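Notes follow the structure.
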Amino acid sequence: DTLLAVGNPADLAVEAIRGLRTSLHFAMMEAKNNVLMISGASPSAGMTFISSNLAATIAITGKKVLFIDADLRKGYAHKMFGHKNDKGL
Amino acid sequence: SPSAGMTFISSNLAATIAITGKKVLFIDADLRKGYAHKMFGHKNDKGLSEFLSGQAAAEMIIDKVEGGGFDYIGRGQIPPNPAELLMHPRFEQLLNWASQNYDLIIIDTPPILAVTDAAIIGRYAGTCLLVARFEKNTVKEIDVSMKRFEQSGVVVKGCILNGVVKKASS
Amino acid sequence: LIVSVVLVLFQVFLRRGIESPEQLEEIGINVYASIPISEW
Amino acid sequence: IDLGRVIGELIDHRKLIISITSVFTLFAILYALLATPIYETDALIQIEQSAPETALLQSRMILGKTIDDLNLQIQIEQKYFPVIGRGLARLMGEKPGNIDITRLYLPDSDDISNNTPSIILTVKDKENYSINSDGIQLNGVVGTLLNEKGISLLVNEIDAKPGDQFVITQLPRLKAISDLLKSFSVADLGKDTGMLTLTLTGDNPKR
Amino acid sequence: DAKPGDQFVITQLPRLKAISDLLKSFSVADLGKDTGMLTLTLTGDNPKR
Ligand SMILES: Nc1ncnc2c1ncn2[C@@H]1O[C@H](COP(=O)(O)OP(=O)(O)O)[C@@H](O)[C@H]1O
Ligand SMILES: Nc1ncnc2c1ncn2[C@@H]1O[C@H](COP(=O)(O)OP(=O)(O)O)[C@@H](O)[C@H]1O
Ligand SMILES: [Mg+2]
Ligand SMILES: [Mg+2]
């Protein structure tokens with residue numbers, strides 16, 4: 001229940017996510033604002049895994065990152081991050 | 001893929017361009033398994049890592065090859081965060097400073113199917129060339145590498161076959 | 001002879017690596033050189 | 001595809017093709033030069049029909065009478081340790097020896113599977129020899145009969161160099177009959193004549 | 001002839017059933033189609049019986 005990008009920063013998956021970060025740094029240019037939305041087709045696909053790890057890998061480069069868990073139905077980001085569960089979204 | 005010939009081709013090309021009277025700089029940006037300093041004769045202190053992390057200046061990193069004629073900058077100590085180091089603006093400062101004092105700068109990089117260092121560096125590279133092993137690599141792997149460089153914003157000029165042998169079936 | 005021929009056929013039909021810059025030039029990739037192996 | 005591709009591939013893999021063909025040919029040469037030769041003898045019988053006689057020739061009665069006459073139930077094998085010792089011994093010009101045995105009777109252990117008792121006879125000289133059944137060593141001499149430990153044995157005219165060893169097996173009568181019948185064949189060759197061709201194949205040209 | 005503690009099922013099957021069982025595994029052939037030779041074959045699990 002801890003971030004892969006923190007427990008094992010040298011894993012293959014985190015390398016692939018760093019590749020995704022470098023792709024995004026060019027794709028996310030000329031966008032109307034700096035908001036990224038990771039979604040999916042079916043549950044248990046990897047939206048939270050990808051989103052959280054990507055946020056970690058972009059935060060480690062000195063850029064401030066905000067992570068919103070708008071999964072108001074079965075979200076568990078506070079469980080994986082260490083939480084004060086009061087006053088959520 | 002690794003063990004394709006990036007270091008072999010890059011070092012030999014740097015030598016062959018240095019022997020024609022043009023100053024050449026050779027940067028070994030393979031911060032994970034680079035051994036250029038082993039092949040050139042080394043003062044392994046103050047590599048590229050020690051400059052990127054900020055604990056060294058731009059002058060103690062550059063060394064002279066003995067039987068070459070071109071300068072080089074070894075990787076140095078293996079860092080724990082290579083891809084996160086390469087994003088530092090000091091790397092671009094180093095390249096901009098070197099481009100005004102040398103006629104050619106050749107950067108060796110790790111593979112792109114394995115890590116993402118090559119695609120981070122490729123933003124400041126004027127020209128980029130892939131190296132394809134003769135029998136090992138495939139057309140699919142080279143196409144995937146080209147597209148992965150395209151996604152990250154790096155335009156690859158072309159390929160360089162390597163390890164060619166004479167086959168009667170040709 | 002038969003086993004040698006079938007083994008050679010299997011090896012030929014199981015190879016996938018590049019064999020000539022023509023394959024890379026079909027896709028639209030300019031092969032700038034072809035460095036031979038150095039026995040030295 | 002085209003012929004040029006296949007010719008080029010063959011030329012490229014010439015080394016592998018040659019190596020595999022050479023090793024297979026070497027194995028074939030070894031087998032064809034080490035396999036025990038099998039000679040064939042034949043005879044011609046005039047019948048004064050021929051189908052009932054063809055069936056009766058291979059009956060157990062006649063073959064059993066022949067085996068009882070010639071003592072074919074005493075199997076004698078020259079011993080070579082490997083699976084190729086006999087072939088190389090024949091190739092080297094070594095003369096195979098032989099022992100004439102007229103009387104053999106083993107204790108007939110007759111366990112669940114091994115119904116064929118066997119002993120090992122080692123040649124010590126032209127006259128005496130050693131016998132071992134299950135490690136029990138005994139000394140015998142050609143001529144005088146041996147009757148010891150439930151083993152009766154008679155040896156005549158042993159012809160081999162000293163130090164040779166021979167496996168002596170007393171296989172059952174039915175097994176000997178089956179072995180004889182397996183290599184023995186009869187044909188009519190005319191389908192109406194009294195001529196019958198009898199064929200027998202074996203490794204001993206005189207036996 | 002058995003070790004003590006062994007058990008055996010002894011069945012008195014009818015004569016017709018025994019005849020059918022014997023006939024099922026018993027075969028006859030001519031092998032010459034004209035000779036007086038007949039080959040009789042019997043298959044069973046007891047080598048002496
Ligand atoms: N590449 C991956 N490797 C290992 N585990 C993964 C990977 N991607 C997702 N998961 C794990 O499988 C589970 C489902 O992913 P998750 O994103 O949390 O659910 P959802 O897609 O419905 O939001 C999670 O427990 C996650 O840790
Ligand atoms: N044309 C070649 N002829 C002979 N050796 C070569 C050739 N190309 C590469 N090599 C050798 O094979 C090894 C792999 O090449 P290298 O570039 O050093 O690794 P990598 O591609 O992973 O950076 C090296 O030891 C190199 O000397
Ligand atoms: Mg989720
Ligand atoms: Mg290298």
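Letters A, B, ... mark the chains of the structure tokens in the order given; residue numbers begin at 1 per chain; ligand numbers begin at 1, in order shown.
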
Closest contacts (chain B/chain D, max 7 Å, only C-alpha atoms) as CSV:
```
residue,atom,partner,partner_atom,distance
B:167,CA,D:12,CA,6.7
B:168,CA,D:8,CA,5.0
B:169,CA,D:8,CA,3.8
```

- [ ] With a distance threshold of 10 Å and counting only C-alpha atoms, extract the residues of chain A near chain B and express them as a VMD selection string.
- [x] chain A and resid 9 to 10 12 14 to 27 57 to 58 60 to 62

Neighbours of stretch 22-30 of chain E within 9 Å (only C-alpha atoms; same-chain residues fewer than 4 positions away dropped), as a PDB file with N, CA, C and O atoms, in the first residue's frame?
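Listing of part.pdb after writing:
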```
ATOM      1  N   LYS E  17     -22.815 -69.802 -18.028  1.00  0.00           N
ATOM      2  CA  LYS E  17     -21.940 -68.638 -17.930  1.00  0.00           C
ATOM      3  C   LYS E  17     -20.475 -69.038 -18.059  1.00  0.00           C
ATOM      4  O   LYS E  17     -19.693 -68.348 -18.723  1.00  0.00           O
ATOM      5  N   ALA E  18     -20.087 -70.148 -17.429  1.00  0.00           N
ATOM      6  CA  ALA E  18     -18.717 -70.631 -17.560  1.00  0.00           C
ATOM      7  C   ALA E  18     -18.408 -71.022 -18.999  1.00  0.00           C
ATOM      8  O   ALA E  18     -17.313 -70.745 -19.504  1.00  0.00           O
ATOM      9  N   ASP E  34      -7.134 -75.498 -46.491  1.00  0.00           N
ATOM     10  CA  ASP E  34      -7.349 -76.830 -47.047  1.00  0.00           C
ATOM     11  C   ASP E  34      -6.659 -77.939 -46.270  1.00  0.00           C
ATOM     12  O   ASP E  34      -7.077 -79.097 -46.389  1.00  0.00           O
ATOM     13  N   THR E  35      -5.630 -77.632 -45.486  1.00  0.00           N
ATOM     14  CA  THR E  35      -4.869 -78.645 -44.779  1.00  0.00           C
ATOM     15  C   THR E  35      -5.680 -79.219 -43.621  1.00  0.00           C
ATOM     16  O   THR E  35      -6.745 -78.716 -43.253  1.00  0.00           O
ATOM     17  N   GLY E  36      -5.155 -80.290 -43.041  1.00  0.00           N
ATOM     18  CA  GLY E  36      -5.690 -80.822 -41.811  1.00  0.00           C
ATOM     19  C   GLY E  36      -5.185 -80.115 -40.575  1.00  0.00           C
ATOM     20  O   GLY E  36      -5.512 -80.526 -39.457  1.00  0.00           O
ATOM     21  N   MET E  37      -4.400 -79.055 -40.746  1.00  0.00           N
ATOM     22  CA  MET E  37      -3.820 -78.319 -39.633  1.00  0.00           C
ATOM     23  C   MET E  37      -4.833 -77.313 -39.104  1.00  0.00           C
ATOM     24  O   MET E  37      -5.369 -76.503 -39.866  1.00  0.00           O
ATOM     25  N   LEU E  38      -5.098 -77.379 -37.804  1.00  0.00           N
ATOM     26  CA  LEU E  38      -5.922 -76.408 -37.102  1.00  0.00           C
ATOM     27  C   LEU E  38      -5.119 -75.846 -35.941  1.00  0.00           C
ATOM     28  O   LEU E  38      -4.520 -76.605 -35.173  1.00  0.00           O
ATOM     29  N   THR E  39      -5.103 -74.526 -35.819  1.00  0.00           N
ATOM     30  CA  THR E  39      -4.445 -73.854 -34.710  1.00  0.00           C
ATOM     31  C   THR E  39      -5.500 -73.429 -33.699  1.00  0.00           C
ATOM     32  O   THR E  39      -6.432 -72.688 -34.038  1.00  0.00           O
ATOM     33  N   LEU E  40      -5.362 -73.915 -32.470  1.00  0.00           N
ATOM     34  CA  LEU E  40      -6.249 -73.558 -31.376  1.00  0.00           C
ATOM     35  C   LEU E  40      -5.529 -72.574 -30.468  1.00  0.00           C
ATOM     36  O   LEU E  40      -4.371 -72.801 -30.102  1.00  0.00           O
ATOM     37  N   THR E  41      -6.218 -71.498 -30.102  1.00  0.00           N
ATOM     38  CA  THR E  41      -5.659 -70.438 -29.279  1.00  0.00           C
ATOM     39  C   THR E  41      -6.556 -70.217 -28.072  1.00  0.00           C
ATOM     40  O   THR E  41      -7.783 -70.187 -28.199  1.00  0.00           O
ATOM     41  N   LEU E  42      -5.941 -70.072 -26.901  1.00  0.00           N
ATOM     42  CA  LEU E  42      -6.672 -69.773 -25.678  1.00  0.00           C
ATOM     43  C   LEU E  42      -5.911 -68.717 -24.897  1.00  0.00           C
ATOM     44  O   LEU E  42      -4.712 -68.871 -24.653  1.00  0.00           O
ATOM     45  N   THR E  43      -6.597 -67.653 -24.499  1.00  0.00           N
ATOM     46  CA  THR E  43      -5.972 -66.547 -23.788  1.00  0.00           C
ATOM     47  C   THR E  43      -6.525 -66.468 -22.373  1.00  0.00           C
ATOM     48  O   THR E  43      -7.743 -66.481 -22.176  1.00  0.00           O
ATOM     49  N   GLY E  44      -5.629 -66.380 -21.393  1.00  0.00           N
ATOM     50  CA  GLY E  44      -6.043 -66.289 -20.005  1.00  0.00           C
ATOM     51  C   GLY E  44      -4.908 -65.795 -19.144  1.00  0.00           C
ATOM     52  O   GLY E  44      -3.757 -65.718 -19.576  1.00  0.00           O
TER      53      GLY E  44
END
```

- [ ] Name the residues of chain C that fall into strand (DSSP E or B) according to DSSP on the backbone, using the chain letters and numbers of this document, as an MDAnalysis selection string.
- [x] chainID C and resid 31:36

- [ ] Identify, counting only C-alpha atoms and all ligand atoms, the protein, DNA and RNA residues located within 6 Å of ligand 1, and give them as number ranges by chain.
- [x] A: 43-49

Return as a tab-separated table the residues of chain D lying at most 7 Å from chain C, together with the closest atom-to-atom pair for each and the distance in Å to one decimal, counting only C-alpha atoms, with rows in chain order and ascending residue number.
```
residue	atom	partner	partner_atom	distance
D:17	CA	C:4	CA	5.1
D:20	CA	C:4	CA	6.3
D:21	CA	C:1	CA	5.7
```

TODO: For ligand 4, collect every residue having any atom at a distance of at most 10 Å from a ligand atom (counting only C-alpha atoms and all ligand atoms); output as a ChimeraX atom specification.
DONE: /B:2-11,28-36,108-111

TODO: Name all residues at most 12 Å from residue B:59 (count only C-alpha atoms; drop same-chain ones fewer than 6 positions away) and give them as a PyMOL selection string.
DONE: chain B and resi 46-48+50-51+71-73+94+97-98

Output for the residues just chosen: N, CA, C and O atoms as a CSV table (one decimal), in the first residue's frame:
```csv
chain,number,residue,atom,x,y,z
B,46,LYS,N,35.3,13.3,-10.9
B,46,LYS,CA,34.6,14.4,-11.5
B,46,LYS,C,34.2,14.1,-12.9
B,46,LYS,O,34.6,14.7,-13.9
B,47,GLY,N,33.3,13.1,-13.0
B,47,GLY,CA,32.6,12.8,-14.2
B,47,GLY,C,31.5,13.7,-14.6
B,47,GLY,O,31.5,14.8,-14.2
B,48,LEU,N,30.5,13.2,-15.4
B,48,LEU,CA,29.4,14.0,-15.7
B,48,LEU,C,28.4,14.1,-14.5
B,48,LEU,O,27.8,15.2,-14.3
B,50,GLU,N,29.1,14.1,-11.2
B,50,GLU,CA,29.6,15.1,-10.3
B,50,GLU,C,29.4,16.6,-10.7
B,50,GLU,O,29.4,17.5,-9.9
B,51,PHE,N,29.2,16.8,-12.0
B,51,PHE,CA,28.9,18.1,-12.5
B,51,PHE,C,27.4,18.4,-12.4
B,51,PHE,O,27.0,19.5,-12.0
B,71,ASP,N,38.6,15.7,-26.8
B,71,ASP,CA,38.4,15.7,-25.4
B,71,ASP,C,37.2,14.7,-25.1
B,71,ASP,O,36.5,14.3,-25.9
B,72,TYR,N,37.1,14.4,-23.8
B,72,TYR,CA,36.0,13.6,-23.4
B,72,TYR,C,35.5,13.9,-21.9
B,72,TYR,O,36.3,14.5,-21.2
B,73,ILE,N,34.3,13.6,-21.6
B,73,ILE,CA,33.7,13.8,-20.3
B,73,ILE,C,33.1,12.4,-19.9
B,73,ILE,O,32.0,12.1,-20.4
B,94,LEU,N,25.8,23.3,-19.9
B,94,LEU,CA,27.1,22.6,-20.3
B,94,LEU,C,27.1,22.5,-21.8
B,94,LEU,O,28.1,22.8,-22.5
B,97,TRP,N,27.6,25.9,-23.5
B,97,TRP,CA,29.0,26.4,-23.3
B,97,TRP,C,29.9,25.6,-24.3
B,97,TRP,O,30.8,26.2,-24.9
B,98,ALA,N,29.8,24.3,-24.3
B,98,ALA,CA,30.7,23.5,-25.1
B,98,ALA,C,30.5,23.8,-26.6
B,98,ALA,O,31.5,23.7,-27.4
```
